[PDB]
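Colleague: Mind folding the following:
(one chain, ligands or ions: 3)
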Amino acid sequence: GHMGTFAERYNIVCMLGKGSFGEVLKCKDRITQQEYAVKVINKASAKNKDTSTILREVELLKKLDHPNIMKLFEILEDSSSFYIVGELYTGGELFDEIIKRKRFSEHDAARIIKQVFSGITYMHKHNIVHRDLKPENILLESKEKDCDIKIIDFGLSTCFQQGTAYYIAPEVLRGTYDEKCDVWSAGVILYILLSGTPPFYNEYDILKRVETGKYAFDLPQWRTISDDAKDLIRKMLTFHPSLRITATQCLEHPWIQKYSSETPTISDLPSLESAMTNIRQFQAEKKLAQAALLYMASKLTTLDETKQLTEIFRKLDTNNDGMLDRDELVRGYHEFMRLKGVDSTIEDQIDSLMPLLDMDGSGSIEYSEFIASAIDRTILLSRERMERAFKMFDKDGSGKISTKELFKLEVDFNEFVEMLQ
Ligand SMILES: CCOc1ccc2cc(-c3nn(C4CCOCC4)c(N)c3C(N)=O)cnc2c1
Ligand SMILES: [Ca+2]
Ligand SMILES: [Ca+2]
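Modeller: Numbers count the residues shown, from 1 in each chain. Ligands and ions are numbered 1, 2, ... in the order given. Sharing the structure here:
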């Protein structure tokens, strides 16, 4: 009775800043000591629809599993607010990276932009349009060199109530927000990465250039840049959306494939054999065992644990869409053998393995499912991790979870620990 949803699992550490829809704070899990980012949205001030509609949309966002899209874990609430808890990212906005470097080589801008293309492509396939894509709405996961980027600030426009001029498409000036407007804003970003200037440079004047749609590669720094880059930018800053290319086309452009070739090497063999061994054990264990492992890999893990497996996941992602498909696993298995020196069926193993790892039936293995099968089970079996998992299921809080109270797909905690092992 005297226990609250959020305040019982989480402790507020500090305030990270003001998201447009609500305050954003850093919070800590009281058991696992794992830190998180939570947006606190005031129900009375911010709501436009029913609480049911909101939670339905947030459920859809919570199942967006893409390396370049912000991760959301759960949606709680009390009498005054919604609490949306998500993965914490500490590298800051991409806008600041641009102030420091002030422009990027074609090699550096391609690694960055390839990730934006991957995330936007994923968002559109799940029928989400950012409508406000810019560097300020892209965060870096950490301070390391080649860390992945993360797209934020999208999804709640319909549900809640709450520099932009450079990045908006002309049709947005005329009351149209279709999927193409994002491809326009991405083009402006890529224009700024290579040159350091907005293609369209008072705000009435900036918007005036946007309305005409006139941009030029006249700045002295474009002479050195390649023709394929200019081909991509032209197809993205096409005035008419019906002729403008798609996010998928942006990702597949030859320019991207030139600088997007992260491929396995002999240095990665230690982490590939480990990943392979855990994957076999995963396929051997019964369905009940497997699902419990996915549940904990997808809800109770952090980046630092999966940091080694992130690079392996990124190298196996030839097309850079963010997912590993049936063919990509066959080729990664054949190349894993080649680096060792072993002659290589592999195809039969993977086809038998695809249903077992693609627990959602999505047609490909997303990152969370890859971690659940490629990580040492010992890491997931930590006592605090199992404490949190057990407490999630016991809605009553009696101390024993009923048989139906198990939705991992009377038992004491100590009986629960043995069951996982
Ligand atoms: C359905 C909506 O759900 C969510 C869930 C998680 C979110 C996290 C952030 C976030 N903002 N910031 C700062 C804040 C000050 O400005 C710079 C960036 C972080 N360092 C964040 C993080 N996740 O680490 C923002 N919006 C979120 C919305
Ligand atoms: Ca892929
Ligand atoms: Ca999947």
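Colleague: C-alpha from now on. contacts and neighbour counts both.
Modeller: OK.
Colleague: what residues does the chain put near ligand 1?
Modeller: 16-19, 24, 37-39, 72, 84-90, 92, 153 (CA under 6 Å from any ligand atom).
Colleague: filter those to the buried ones?
Modeller: 24, 37-39, 72, 84-89, 92, 153 (16 or more other CA atoms under 10 Å).
Colleague: Tell me which of the residues of the chain next to ligand 1 fall in helices.
Modeller: Residues of those located in helices (DSSP state H): none.
Colleague: What segments of this structure are strands?
Modeller: 10-18, 23-29, 35-42, 72-77, 81-86, 138-140, 149-151 (DSSP state E).
Colleague: looking at those strands, which is closest to residue 282?
Modeller: Smallest distance to residue 282 across the strands of the chain (CA to CA): 23.6 Å, for strand 72-77.
Colleague: coming back round to it: hey, which of the strands of the chain is tucked in deepest?
Modeller: strand 149-151 (a mean of 25; mean count of other CA atoms under 10 Å).
Colleague: Output the contacting helices and strands for that one.
Modeller: helix 106-125, strand 138-140 (3 or more CA pairs under 8 Å, 6 or more residues apart in numbering; DSSP states H and E).
Colleague: now for the longest one, which elements pack on it?
Modeller: Right, the one you point to is helix 106-125. Under the contact rule (3+ CA pairs under 8 Å, 6+ apart), helix 106-125 is packed against strand 149-151, helix 180-195, helix 247-252, helix 254-259.
Colleague: Recalculate using a threshold of 7 Å.
Modeller: Here helix 106-125 touches helix 180-195, helix 247-252, helix 254-259, going by 3 or more CA pairs under 7 Å, 6 or more residues apart in numbering; DSSP states H and E.
Colleague: List the contacts of residue 291.
Modeller: For residue 291, the contact set (CA atoms under 7 Å, 6 or more residues apart in numbering) comprises 408-409.
Colleague: could you measure it against ligand 3, distance?
Modeller: 13 Å (CA to the ion, to the nearest Å).
Colleague: and what of residue 149?
Modeller: Separation of residue 149 from ligand 3 (CA to the ion): 21 Å.
Colleague: I'd say that residue and residue 143 touch.
Modeller: No - in this structure, residue 149 is not within contact of residue 143 by CA atoms under 7 Å, at 11.0 Å.
Colleague: quick one: stretch 349-368 to chain centroid distance?
Modeller: In terms of CA atoms, centre = their mean, to the nearest Å, the centre of stretch 349-368 is found 19 Å from the chain centre.
Colleague: is ligand 2 contacted by that stretch?
Modeller: No - counting by CA under 5 Å from the ion, ligand 2 is not contacted by stretch 349-368; separation bottoms out at 8.1 Å.
Colleague: C-alpha coordinates for that stretch, CSV please?
Modeller: Provided in CSV are the C-alpha atoms of stretch 349-368 (Å, rounded to 0.1, in the frame of the first residue of the first chain):
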residue,chain,number,x,y,z
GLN,A,349,22.9,-25.2,-38.7
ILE,A,350,21.8,-21.5,-39.2
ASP,A,351,18.4,-22.4,-40.6
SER,A,352,17.8,-24.6,-37.6
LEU,A,353,19.2,-21.7,-35.5
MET,A,354,17.2,-18.9,-37.0
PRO,A,355,13.8,-19.7,-35.5
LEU,A,356,15.5,-20.2,-32.1
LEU,A,357,17.2,-16.8,-31.9
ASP,A,358,14.5,-14.7,-33.8
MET,A,359,12.1,-15.1,-30.9
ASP,A,360,10.0,-12.2,-32.2
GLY,A,361,9.7,-13.7,-35.7
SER,A,362,11.0,-10.4,-37.3
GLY,A,363,12.9,-12.2,-40.1
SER,A,364,16.3,-11.3,-38.6
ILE,A,365,18.2,-11.3,-35.4
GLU,A,366,18.1,-7.9,-33.6
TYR,A,367,20.9,-6.8,-31.2
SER,A,368,19.1,-7.8,-28.1
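Colleague: Contacts only, for the most centrally placed residue in the chain.
Modeller: Nearest to the geometric centre of the chain sits residue 69, at 2.7 Å (CA atoms, centre = their mean). Residues in contact with residue 69 (CA under 7 Å, 6+ apart) are 119, 150-152.
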